[PDB]
Every structure is written in C-alpha cells, then in structure tokens.
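K.L.:
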Amino acid sequence: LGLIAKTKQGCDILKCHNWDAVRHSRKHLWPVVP
Amino acid sequence: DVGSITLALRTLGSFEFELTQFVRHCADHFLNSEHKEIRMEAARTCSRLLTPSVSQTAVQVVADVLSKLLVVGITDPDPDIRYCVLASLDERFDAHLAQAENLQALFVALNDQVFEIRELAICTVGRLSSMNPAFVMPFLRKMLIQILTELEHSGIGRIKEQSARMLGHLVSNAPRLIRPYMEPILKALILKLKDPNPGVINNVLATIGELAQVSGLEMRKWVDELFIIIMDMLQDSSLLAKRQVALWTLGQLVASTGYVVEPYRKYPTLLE
Amino acid sequence: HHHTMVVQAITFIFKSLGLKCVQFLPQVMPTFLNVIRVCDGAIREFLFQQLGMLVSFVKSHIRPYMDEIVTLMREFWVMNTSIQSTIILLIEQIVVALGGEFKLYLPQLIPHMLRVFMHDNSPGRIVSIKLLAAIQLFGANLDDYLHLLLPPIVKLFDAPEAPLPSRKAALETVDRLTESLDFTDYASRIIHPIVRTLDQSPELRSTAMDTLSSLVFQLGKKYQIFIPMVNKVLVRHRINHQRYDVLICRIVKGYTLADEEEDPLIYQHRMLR
Amino acid sequence: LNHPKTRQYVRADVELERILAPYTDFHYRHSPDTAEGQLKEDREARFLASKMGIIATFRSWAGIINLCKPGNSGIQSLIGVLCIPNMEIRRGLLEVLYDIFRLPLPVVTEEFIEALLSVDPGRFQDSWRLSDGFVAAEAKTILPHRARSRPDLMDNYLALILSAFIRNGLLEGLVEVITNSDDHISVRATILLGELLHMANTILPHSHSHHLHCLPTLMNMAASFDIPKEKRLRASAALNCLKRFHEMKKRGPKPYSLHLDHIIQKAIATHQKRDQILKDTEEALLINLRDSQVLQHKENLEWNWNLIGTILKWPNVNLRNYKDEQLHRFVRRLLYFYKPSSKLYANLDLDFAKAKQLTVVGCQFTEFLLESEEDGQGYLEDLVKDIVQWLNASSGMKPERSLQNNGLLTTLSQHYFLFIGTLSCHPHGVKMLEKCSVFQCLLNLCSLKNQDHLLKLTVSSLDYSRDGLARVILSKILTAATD
Amino acid sequence: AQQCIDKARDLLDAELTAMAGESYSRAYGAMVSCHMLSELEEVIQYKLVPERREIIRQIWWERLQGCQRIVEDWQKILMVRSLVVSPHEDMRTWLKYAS
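Chains as they are written, first to last, in UniProt numbering: chain B, 972 to 1005; chain Z, 578 to 595, 599 to 633, 644 to 786, 791 to 866; chain H, 966 to 1238; chain C, 235 to 510, 520 to 726; chain V, 1560 to 1658.
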C-alpha cells in the first residue's frame, strides 16, 4: 500500500480512506508543501 | 541624469503596460549606484513589477532578481532602504520565498538594532511559519523564550513595550503555532497588568485582546480578573487614555468566551 | 561595638582551617547576614569586603545561603555612591568561586547593572569600565542573556560623547569574550555599528578593525556578501590590516571545502585538546 | 504466534513479554541456586541477553503486533519504567533505543559538544586509510546516493516503528529523563531526541509530523516561573543544544581526505563554468613579503605560512608585470624547499601537527607558477623532472635495491601527485605535463606488477574532464593490471 | 457586509442617544434592534469556520434566554438566526417559541 502511494492520483485515492503519505520527493531534503 | 533616472524608474513603476528585459537590465544600477534615491526607487519598481508568479521559462530571472534585492535589503548601510525594501517583501511572493537561502538571509535580518525592522521581519517570518516548520521553528522557540525573558526581567519600560509589540505581531502572524503556549503568555501578561509610560498598558491590552481572538473557550479560568481589572480601568477612569482600544478588548472577550449575561448582575454598575 | 575584630578573627580562622571549615557554615552565616541586615554605618562597607573573603574560601558549599545574599546585594546598592567599587569586587569573587552554576543567580543582578550603563557620574566612567572588565569573565555563564546584555554594550560605544578609554574597553570586551560564546546570527547588530564608528576616531581604527577581524573568524563563508560594503570604508583612509586580509583572502579564494563555518565551541574544544 | 492453530497453543500475557523481565523488575532473580561470589556480573550477562532478545523481537511482524496490543501491553510498561529515577535502568534502556533505531552510540561524557562530534556522520573511519579502502569506501559514505524515486523500504520500516513509539507518548518520558536525571544520562537522552526529530521531518508524513515538532511539554516547563530554577535553566540549555544539533545536521558531511575534496572542487567548478578583487600592486606587497620572515633564513618551521598563502593567492600579483628581486628570492626559496632533492619537503613525515596546511600551501605555490607562465617556464620544469626522477628512483629505475616502500607510506612525498593534479586540470597544464616525460613515464609505471599502492594513489589524481592521453592510461589500468 | 453594518451602527446610534436620555425601557425598543444588528457578525463567523459552530450555537441560546418574552421580537430574532440554521437543527428554541 505504501508502494501504490508513489503517484499523486494514488495518494488522492488513499486519502479518501484515512491513510497519510509523503507528498515530496528526495531531491531536496527541506521540501515546502504548497 | 539624476532627475532623468529617478523620473524614468518612477514612471516605469507607475503606469500600466503589457518590459521583461528592463529588469534584467536593472542589475546595472543599484549594485554600483551610490545615489540613494535611484537605488530605492529601482528597488520599488523591481519588487512591484514581477508579480505574476505561470510559465516554465521565466523562473530564472525572478530567482536572480530575488537574490539581488534580498541581499541588497540585507546589506546597504542606511536603515531607510532596509525598511523600504522589507515593506515590499509581503505575501505577494509568499509561496516562492520558501527557498532555504531566503530563509537563512531572513534569520540574519531578524535581529538588528532598529525596531521598525523588528516588527516587519517578525511579521514576515510569522506569516512564513506554517508552511515550512523545518527551518523556522527552532529559531522561533528561542525567540519566544527570549521575549519572555525581556518582558519579565527588563527593568526598563522601553524594552517591555517593545517585547509586547513583538508578542502582538507574533500572535497576529502565527495562528496555530502559538496555541500550545497560551498559559505562560497569559499569566505573565496578567501579572504584568496588576503591577504595583502607560503605552505599555496600551500594548499589553491590544495583545491580550488578540490572544482572546486566537483562543476560543480556553480563557475560561481567567475571565474574572480580566473583567475586574478592565472595568476598574474604565470605571473612574483617571486618565482619558486610549479608551477605544480598551473598549474593543473588553468587547472582544465576551464574543469569544461566550460569557453573556452574568456581568450585568455580578457587576451591577456595568450598564449605566 | 567590637565587631570588626571578631569578624576578622573569623576569617582568620577560616583561612587557617582550610577545606575542613565547611561544617561550620550553617551556624555562622545566618547570624552574619542578619547582622548585615541590621548593621549600620560605613563599617558596613568594610563588612562586605570581609564577606567576600569568606566566599573565596568554600567554593561550592556556599550555595544554599547565597540566595539571601542576592537580595541584600539588591537592597544596599545605591545608584551613585563609592560603594559600587566594592560591590564589583564582590561580584568578581562570586564569579571566580562559583564558575559554572553561576548562571542560576544571574537574572536578579541584571536590572541594576543596566542602569549603571546610563545613570553614572564617574569621572571618565571608571565604574563602567570596571564592571565591563568583570563581565568579561562570565564565559559560559551568559549563554541565554546575550540578546539583552549586548545592546547596552554596543550602545556605550555608539555614543561619540563617551570618554575614549571607555570605548576602548567596550571594544576589547566584546572582542575577547567571543572565544567562549556563539556569535553567528548576531552579525547585523555589530557590522553596521562598526562601520558607523570606524572613521569617527583615528586612534580607534586599529582596535575596532582587529575586533571586527576576530569576530569574523566565528562566521564562516556567510560573511562573503558583506565584503564590498566594508571594502570602500577599508581603503578610504588607505588603512590596511594583516589578519583581516588573511581571512578575506582565504574566504574569497578557495582554501578547502571542509574548513567552512564550524561552530566556535567545537574549535575551542579542539584547541583545548 | 502466526497460525491460528499455533496461536491457540500459547497463553495471553505471560510468555513473550517475559523476556523484558530484568528491566521491568528492579530486583530480578533468574535462578534459585546461584554462587554468591559473583552477583553483578550475573546482572550484566542478564542485561546483555535481554537487550539482544528485545532488539530481536522488534524485527518480526509477530513481535511488533503482539507487543503493542490496545490493552496494557508490555511496550507501555517499558516506557512507564523509563520515568523512574533509577540510575542504571535509565542507562540500560537508551542502548536498546539506539540499536533499535540503528543509530551510532555516543561516547559517555559529561559535556554535550564532545558527544556531538563523537557521532558526526563525517567522522573518520579506519578503513579509509590508504592501505585499506583508500577512496571508494569513503566516497560510499560521504557523497549522497543517486536514486531520486526508488522506494528504500528501510525508511518505511523505521517510519512504522517511529509512529508506534510516538503513539505511546515516548517523547514525554524522554523529556522527563532529560530534565530530572544526571548529566551523563541527560546528554544521551538529548542526543536521542535530536536524532529522532531529524528523522521526523525527513521520513514522516506531514499529518503525523506537523504537531510533534512543536515540543509542548518541554517548552511549557521552560517558561514556568514558579518551578525550581534548575529545571528551567537545564531545559533552556537543552533547547540550545537541540538547535545546534539541527544546525549541524544542515551543515552536511564534508570530506577529510584531500582527493575527494579536490575532485568535488573541480566538479563544481566546471558545472559553474557551464552556466553563466583588490589590485595591490607594490606597497602592501613589500609590506607583507618583508613581514614574511622567510628572507631572514632558509630554516623551515619558522615561517608565517598563512601570510605566505595570502601572498601566493592574492589576485593581481602575477609576476608578469611585476619583476621584483625579493619576489625572485622568495620563489627560489620555495622552489628549493619543495624539491624532492631538497630532502626537506619529502622528509617531513605524516602525522605532523602542521602538515595539511603545508600541502595546501604547496598546491597553492604550484597554481601560482601555473598562473605566471611566459617568464616562469624553467621554475616548473626542473621541479617536475626532479619529481619524475624521484618517481623513477622509487619505482625501480635503478638495480641497487629497487625497494623504497618505507619512503612513501610514511612521508608526504605521496602528496606530490596533487600538484600533477592541479597540473592536469588547466589546458596549459596538460601541455606542460606532456613537455616532460610524464604520461609516457606513467604508462611505463603501469607495466609494473610488484608495487601496488602506486597505482592506488596515481589513479585518484588524474583529471578526466577532457579527452586526452590520461584516458587511455586508465583504460589500460582497467584492462592491464593486477587483480 | 462589514461596511454596511458599520453604517447601520451609527444610523442606529443617533436615535439610541436621542432615546436614552429619558429612561431605560424607552431605549429598549432600540436596544433590541442593536442586539439584532451585532449578531450578524456571529452569522459571518458561523458561515466561515465550521469549527466554532457548536459554541456559537450554544451562546445564541444563552444570549436569547434573557430578553423580554413577547412574541413579536422573538419572531424576528429567530428569523434572522434561522438564516443559517434549519428549524430541524435546533428544536429546543422553537418549542419555547411555540409555548
């Protein structure tokens, strides 16, 4: 289930069922969420 | 030339049009300009003109100009340019200031000697808080501790009022972060009001009203002393001081606490 | 009537016994402080000095009795009287004795100190210089109070009206204590005052420039942007200085990449061992 | 504990959580008949066994699910024990916590800043010496991985465990220990807290990480003006340490060896060059070189090497407009001192107090020569062919002994390579390098099959940014060499 | 809306001052409209942040429990309060109104 959370649309799917996930990549280790 | 450049920059920042190379050309002026006014107005027009920040080609120029005016606003000697550029650094670029270098430059700017910059920078960072805790939060906590320390051990009224205005802009700019630390704030301030320049009282009242604003139903155990002290200030008001703000505070609490009808009997002289 | 000789006998006893006088504190100090509270006259000035000797002796076991001390040092501290020279020596011996737990009692002596920076009438302001030299020795004691105790210090050399030796002392004290404290983000509050005061005393050129040079050691590469602003002022008298030149040389021009902007405390630690 | 049939065979709350006995008990007596002659050593043996069992059971899913049931499971009991003032138990649990999270332990110490450096990720490693792992192993640790989107399940597991501990109020006990305990233990707890927080905003999803970093309980105690002052001041100091810890985290690892630092220096230089200041003619020049203390005498170890570097790197001193006799004497003194035939530069051994400064100063001097070409041709030529002379002598260009392995392994003559390094970068440098017998001499070196570490040092110094004779050398090395 | 309410404030203030000089009961007829007017800010808050909803809902009841018990004024106070609440959301006030 963490695997299927790699894409934004999948994260949208999961958030409907009360499961959090990380929304940033590893390119910069200090990411701001917009 | 001095009138020419100033007039041209003011007009460029003044009227509307529908330009992209002029700001890239603008790097020539203030980096080497020793005339204060042209640098200041170039800063104004460059801060103003590049608001639409969306297409995937022009981020380079806006990033470079951001670096340039941030460092200039950090560095130049006269405080007027400091204040004037800091004023231009409003929310209009809020979602793009979140680069790490910008934040470290802001932390450097956060502590200086003159106080208008104090207020403006602390407001800016407080607005900046909630979208990226990772950098700001530790420095914020140190600050908050520090302001508490002046507010209580400073034997000088000037520092006390200055810390109070700090606190006010903090509470205004940080909606959710200040919530967990309400108890020490309110208790220190209320003990300050019952102290055995009255502008300190003005600012503590403004701040405490704002704390009432942010906090709903969490001031239940402190409403009584607040009421007694406020109406003591109002009833038999020895000085015709800043009443309108005092009334605004007194009104603010009830609309938030949900404290509605008891005062008219338990403070019978209130209505008249 | 005869208290001077008995108290000097007491301190003689305490220097005589040495380390083993510790068990005798509880039944001697409380009465001593009660007398001080009730004592009177200029003999009190003598008494305090003697008390200083006492605190010089038992380094750590004075602690439970010292709290009361503070409020008595609060009470009889007249703002402008010759009594301040002795109270400064009291503080100096306190600092030498405690050394590390002193920060516990630091706040309560702060406010009065502040007003000394302003409401002073000493010829040449020698009391300010003395207390400033005393403040030099706090070291790792004032870790959290710099924000409040610096702005006064910078303020004293912001006035052109002050006697020149006082300004030299202020620059010296700010210059030296950095070898024990963290001074990174507190850059703006110092860079600008220095460039303000740089050309207002042709003798204070050297002391100020070396103070700045010492400060810029703690800050690593993040100084890089400040260079042109000082640069113009640097040669506007055709004044050149060595260590600062060395430092700007190895910042602007690549020396290494792992030797950049380390905490001052770790370097103090590495030079200690 | 997996199969329902298997699960029916085992009781509820007496069997598995037994293993954590010697910590939940203050006086655990494992065996009835024991020798009195040793008791405490029994306790250390028991603690080691129980610790290893605990870190064993938190690996399997069966352990994790069973040990964190919604009831009064043992994991709550462990955390509850943590807030009792027992001087060794609170220094028993912290080890378990560290090697659960697979963290590096700090050395026991009463002072914070030493313990901080003791666990810096950029700390030196024994395998990084020349003989062992010279570069590749160290480069594995210091520079970051190249993956941008691969999952790295390990962080997933750590996030799960971290959330599991966060649920049961671990931070509360951590703050309790940081506040009310001894210093030997306060430093350990503070370091753990900082490391966990740094992991938080790195692998933890926002919703479960947006309120933890506020630090309610510690901060609340930090500003109470009625509590005894000791707690207040120590909490303040703890917060200061946490901030400095985080700042060191954002510092980032930095190289200790010279080669990697030079390589990344060239890399960042060329990538900067991809995408697009004081004159000091004569007066301060004379001032400093007079003050340089070098002209008084040729004896080493009495020179102001920092001032030397300042002269050598100053921008507009280039010896091309500036023909100064004192400068000539200075540069000749340096030329002599740096000579391998001088038997001074190469005869200071390693582990000298001021050596790395000397090496960077030497690379500085070589770069200065590279700057001043059209009149300084000879100065480099004699020195470089002297270097190649010493090179052939040590390689075995003579039939006398041909074994000088105790010459380079303990002397800085190994660092002579760096100069060729800074010679192998600039386009004029390569024409200088091919002026003398260098590339061909190196290709003659690679034909050797007895001296090995020569290859180790030489392969790590050449540039490969531009096509040239260096590349075929490395191709032969990877095709014609020892195993 | 805020500017509208601000103008309404002083346009009531005039007659409130003209009416207050005699006696309290005489000013009651304007005070009911004033308490009418200032409640709209609470309507704004109810519409904006859905987290305060229960607290303001309770304090509406407590504020309204103290006014003069005449049907006509309860009519309009509930009718403006009904702007954001369905009758089936708050049964208790309507029962007392009916009684």
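Just so you know, even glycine gets a beta-carbon here, dropped at the ideal spot from N, CA and C.
(1) Does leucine 1079 of chain H have its Cβ less than 8 Å from a Cβ in chain Z?
(2) How many Å lie between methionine 620 of chain Z and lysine 1187 of chain H at the Cα?
(3) Using 10 angstroms around the beta-carbon of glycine 1065 of chain H, count the other beta-carbons present and answer buried if the total reaches 16, otherwise exposed.
(4) Between which two residues does the alpha helix (DSSP H) holding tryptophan 295 of chain C run?
(5) Going by DSSP, what residues sit across from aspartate 592 of chain C in a beta bridge?
(6) Can you give me, in chain order, the residues of the stretch 450 to 481 of chain C that have a beta carbon less than 8 Å from any beta carbon in chain Z?
(7) Since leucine 337 of chain C and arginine 324 of chain C are thought to touch, with beta carbons under 8 Å apart, how far apart are those beta carbons, to the nearest angstrom?
(8) Report the neighbours of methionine 727 of chain Z on chain C: residues whose CB is nearer than 7 Å to its CB, in chain order.
(9) Counting along the chain, where does the alpha helix (DSSP H) carrying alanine 457 of chain C start and finish?
(10) Just to confirm before moving on: does the CB-CB distance between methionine 1174 of chain H and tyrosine 1151 of chain H stay below 8 Å?
(11) Quick check: what's the CA-CA separation for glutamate 322 of chain C versus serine 470 of chain C?
(12) Is the stretch 540 to 557 of chain C touching the stretch 587 to 606 of chain C in the sense that three or more CB pairs, one from each, lie closer than 8 Å?
(13) How far does the alpha helix (DSSP H) with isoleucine 746 of chain Z in it extend, from its first residue to its last?
(14) Can you give me the C-alpha to C-alpha distance between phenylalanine 729 of chain Z and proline 487 of chain C, rounded to a whole angstrom?
(15) Nearest-angstrom Cα distance between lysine 719 of chain C and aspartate 710 of chain C?
(16) Can you tell which of C:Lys641, C:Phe662, C:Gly619 and C:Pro670 has the C-alpha that lies nearest to the C-alpha of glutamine 607 of chain C?
(17) Go to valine 342 of chain C, then tell me how far its alpha helix (DSSP H) extends in each direction, as first and last residue.
(18) Is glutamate 1225 of chain H helix, strand or coil when you go by DSSP?
(19) Could you check the C-alpha separation between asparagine 402 of chain C and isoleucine 313 of chain C for me, to the nearest Å?
(20) Sorted by chain position, which residues of the same chain lie with C-beta nearer than 7 Å to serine 420 of chain C's C-beta, five sequence neighbours on each side aside?
(21) Within its chain, find whatever has a CB closer than 6 Å to the CB of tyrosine 332 of chain C; leave out the 5 residues flanking it on each side and keep chain order.
(22) Can you tell me whether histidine 237 of chain C is buried or exposed? The criterion is at least 16 other CB atoms within 10 Å of its CB, across all chains shown.
(23) So with Cβ pairs under 8 Å, would you call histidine 496 of chain C a contact of chain B?
(24) Whose CA, out of Z:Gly580, Z:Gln736 and Z:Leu660, lies closest to the CA of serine 627 of chain Z?
(25) Kindly list, in the order they appear in chain Z, the residues whose Cβ is closer than 7 Å to that of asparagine 435 of chain C.
(26) How do the stretch 1115 to 1135 of chain H and the stretch 445 to 458 of chain C stand: do at least 3 beta-carbon pairs fall below 8 Å, yes or no?
(27) Run through DSSP, which three-state label would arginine 587 of chain Z get?
(28) Identify whether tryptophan 633 of chain C lies in helix, strand or coil by the three-state DSSP scheme.
(29) Assign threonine 268 of chain C to one of two classes, buried (16 or more other C-beta atoms within 10 Å of its C-beta) or exposed (fewer than that).
(30) Tell me, please, whether the stretch 621 to 635 of chain C touches the stretch 673 to 682 of chain C by the rule of three or more beta-carbon pairs shorter than 8 Å.
(31) Measure from the alpha carbon of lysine 860 of chain Z to the alpha carbon of each residue in Z:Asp818, Z:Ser832 and Z:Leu767, then state which is nearest.
(32) Tell me which same chain residues have a C-beta within less than 8 Å of the C-beta of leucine 864 of chain Z, skipping the five on either side of it?
(33) Run the CB neighbour count on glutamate 751 of chain Z, radius 10 Å, all protein chains shown included, and call it buried at 16 or more, exposed below.
(34) Helix, strand or coil for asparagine 547 of chain C per DSSP?
(35) For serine 1179 of chain H, which residues of its own chain have a beta-carbon under 6 Å away from its beta-carbon, when the five flanking residues on both sides are left out?
P.N.:
According to the structure shown:
(1) On the third sequence, position 114 is the one that residue 1079 of chain H refers to. Yes, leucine 1079 of chain H lies at the interface with chain Z (some Cβ there is under 8 Å from its Cβ).
(2) Stepping through the second sequence from its first residue, residue 620 of chain Z is reached at position 40. Stepping through the third sequence from its first residue, residue 1187 of chain H is reached at position 222. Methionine 620 of chain Z and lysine 1187 of chain H: Cα-Cα distance of roughly 25 Å.
(3) Within the third sequence, numbered from 1, the residue matching residue 1065 of chain H stands at position 100. When all chains shown are included, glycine 1065 of chain H counts as exposed.
(4) Sequence index remark: in the fourth sequence, residue 295 of chain C carries index 61 (1-based). That run of the alpha helix (DSSP H) goes 295 to 301.
(5) Numbered from its first residue, the fourth sequence carries residue 592 of chain C at position 349. DSSP output for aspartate 592 of chain C lists C:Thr654 as bridge partner(s).
(6) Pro450, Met453, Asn454, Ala456, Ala457, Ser458, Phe459, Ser470, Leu473, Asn474, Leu476, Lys477 and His480
(7) Here the question's residue 337 of chain C lines up with position 103 in the fourth sequence. Here the question's residue 324 of chain C lines up with position 90 in the fourth sequence. The pair is not a contact, with the Cβ atoms about 17 Å apart (cut-off 8 Å).
(8) Counting from 1 along the second sequence, the entry for residue 727 of chain Z is found at position 137. Chain C residues near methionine 727 of chain Z: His447.
(9) The residue labelled residue 457 of chain C in the question sits at position 223 within the fourth sequence. Careful: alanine 457 of chain C lies outside any alpha helix (DSSP H) and carries neither H nor E.
(10) One-based indexing of the third sequence puts residue 1174 of chain H at position 209. One-based indexing of the third sequence puts residue 1151 of chain H at position 186. Their beta carbons are not under 8 Å apart, which means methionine 1174 of chain H does not touch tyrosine 1151 of chain H by this criterion.
(11) As a working mapping, residue 322 of chain C is identified with position 88 in the fourth sequence. As a working mapping, residue 470 of chain C is identified with position 236 in the fourth sequence. Near 25 Å, if we compare the C-alpha coordinates of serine 470 of chain C and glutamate 322 of chain C.
(12) yes
(13) Position 156 of the second sequence, counted from the first residue, corresponds to residue 746 of chain Z. Note, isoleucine 746 of chain Z: premise wrong, no alpha helix (DSSP H); not H, not E.
(14) For this step, residue 729 of chain Z is matched to residue 139 along the second sequence. For this step, residue 487 of chain C is matched to residue 253 along the fourth sequence. Whole-angstrom Cα-Cα distance: 22 Å.
(15) Counting from 1 along the fourth sequence, the entry for residue 719 of chain C is found at position 476. Counting from 1 along the fourth sequence, the entry for residue 710 of chain C is found at position 467. Taking the straight line joining both Cα atoms gives about 15 Å.
(16) Your numbering for residue 607 of chain C matches position 364 in the fourth sequence. Checked all of C:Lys641, C:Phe662, C:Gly619 and C:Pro670; the closest Cα to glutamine 607 of chain C is C:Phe662.
(17) Within the fourth sequence, the letter at position 108 stands for residue 342 of chain C. It is not in any alpha helix (DSSP H) - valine 342 of chain C carries neither H nor E in the DSSP assignment.
(18) On the third sequence, position 260 is the one that residue 1225 of chain H refers to. The answer is coil: DSSP assigns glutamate 1225 of chain H none of H, G, I, E or B.
(19) Counting from 1 along the fourth sequence, the entry for residue 402 of chain C is found at position 168. Counting from 1 along the fourth sequence, the entry for residue 313 of chain C is found at position 79. Answer to the nearest angstrom: the Cα atoms are 8 Å apart.
(20) On the fourth sequence, position 186 is the one that residue 420 of chain C refers to. Cβ within range, chain order: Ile412.
(21) Taking the first residue of the fourth sequence as position 1, residue 332 of chain C is located at position 98. Here the set comprises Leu339.
(22) One-based indexing of the fourth sequence puts residue 237 of chain C at position 3. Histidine 237 of chain C is exposed by the Cβ-count criterion.
(23) Position 262 of the fourth sequence, counting from 1, holds the residue named residue 496 of chain C. Answer no: the Cβ-Cβ gap between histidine 496 of chain C and chain B never drops below 8 Å.
(24) The count along the second sequence starts at 1 and reaches residue 627 of chain Z at position 47. Answer by Cα proximity: Z:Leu660.
(25) For the purposes of this step, residue 435 of chain C is identified with residue 201 of the fourth sequence, where counting begins at 1. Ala724, listed in chain order.
(26) no
(27) Sequence index remark: in the second sequence, residue 587 of chain Z carries index 10 (1-based). Helix, per DSSP.
(28) The residue labelled residue 633 of chain C in the question sits at position 390 within the fourth sequence. Here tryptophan 633 of chain C sits in helix by DSSP.
(29) Residue numbering aside, residue 268 of chain C sits at position 34 when the fourth sequence is read from its first letter. By the neighbour-count rule (16 or more Cβ atoms within 10 Å), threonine 268 of chain C is not buried but exposed.
(30) yes
(31) Taking the first residue of the second sequence as position 1, residue 860 of chain Z is located at position 266. Of the candidates Z:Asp818, Z:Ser832 and Z:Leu767, the one whose C-alpha sits nearest the C-alpha of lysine 860 of chain Z is Z:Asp818.
(32) As a first step, residue 864 of chain Z must be located in the second sequence, where it is residue number 270. Cβ within range, chain order: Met825, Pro857 and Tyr858.
(33) Locating residue 751 of chain Z in the second sequence gives position 161, counting from the first residue. Buried, by the Cβ-count rule.
(34) Here residue 547 of chain C refers to the residue found at position 304 when the fourth sequence is read from its first residue. Of the three classes helix, strand and coil, the one that applies to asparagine 547 of chain C here is coil, per DSSP.
(35) Against the third sequence, residue 1179 of chain H aligns to sequence position 214. These residues qualify, in order along the chain: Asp1140.
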